[PDB]
Structures are given as structure tokens and as C-alpha cells.
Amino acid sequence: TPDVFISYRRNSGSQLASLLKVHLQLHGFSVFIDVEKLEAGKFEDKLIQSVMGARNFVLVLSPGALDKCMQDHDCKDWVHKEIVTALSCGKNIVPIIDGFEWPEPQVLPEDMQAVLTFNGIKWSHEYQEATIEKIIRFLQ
């Protein structure tokens, strides 16, 4: 029922993810971010259904955002889990690049390596309105 899911890393991406939420809602999108819209019940189900329900998966690539996905053999890391769901479901994946270094794909789990083939949007501190505009152009 939301159009946009926001996947982010708390310890480096929380503030950016929130700013993305606020801007997109301003522009008429219904947005899921965990802190606003993850409510009662077993969260493993709710989180994954929430990815499945949104056309758009916006992924915040703050510095090191994918480091916990590395060597996540049992799929216990939540950004890992969200990306796989977005990939499996063929979502409109929009990476947002905020000081991220592109790792060699093979440091990532096979089931999320394809995340790096989607075109991302550089988050510009100096030109935020234009960044926001570009993100809206990408959204389906």
C-alpha cells in the first residue's frame, strides 16, 4: 500500500533516510520507513511484506552501508534481507550514494550482487533539491 520502501543502515544512514522520507511524502508518495510505519506483530514478516508491497525500493548507500551484508552467509542482516527481496521481486531499485565506495561485487553475497547493476543517484549536499528531483524522476 506504500509506493516507496526505504532501506538504510541506522548507524550511518538514519538521518538521510528520514530526509528522503520527508521529501518524497511532500511530493505525494506514500513511503515506508521502519521508524514510522513498522508497527505491531512479528517484524520479519511485516518488513519483508512491506518491501513486496512497494513498487520502489530506495536504498541508502551511506558510507559502509553494505559492510554487514558481507559474509552474511545465513542471511541474518536486514539490509541484506531487504535487498534480496527487492531483487527477487524485480523492484524499481534506486540506490542513493552518500559517500559510498563501490566494492568489488564478489565481496557481497551472490544473492544481492545484482544490486550494483542499478543506476544510483549521488546525494549532493550543495544541491539537495535537484537530487530530490532526480530521485522523483527515477520513481515509478
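Residues carry their position along the shown sequence, with the first being 1.
*Per the entry, higher mean C-alpha B factor between 40 to 48 and 59 to 67*: Looking at the record's C-alpha B-factors, the answer is 40 to 48.
_Tell me which stretch has the larger mean Cα B-factor in this entry, 23 to 31 or 104 to 112._
Result: 104 to 112.
*In terms of CA temperature factor as recorded, identify the highest of 128, 119, 11, 18.*
In this record, 11 carries the highest C-alpha B-factor of the candidates.
_Third of the chain, ranked by Cα B-factor, where residue 76 sits_ = For residue 76, the deposited C-alpha B-factor lands in the highest third.
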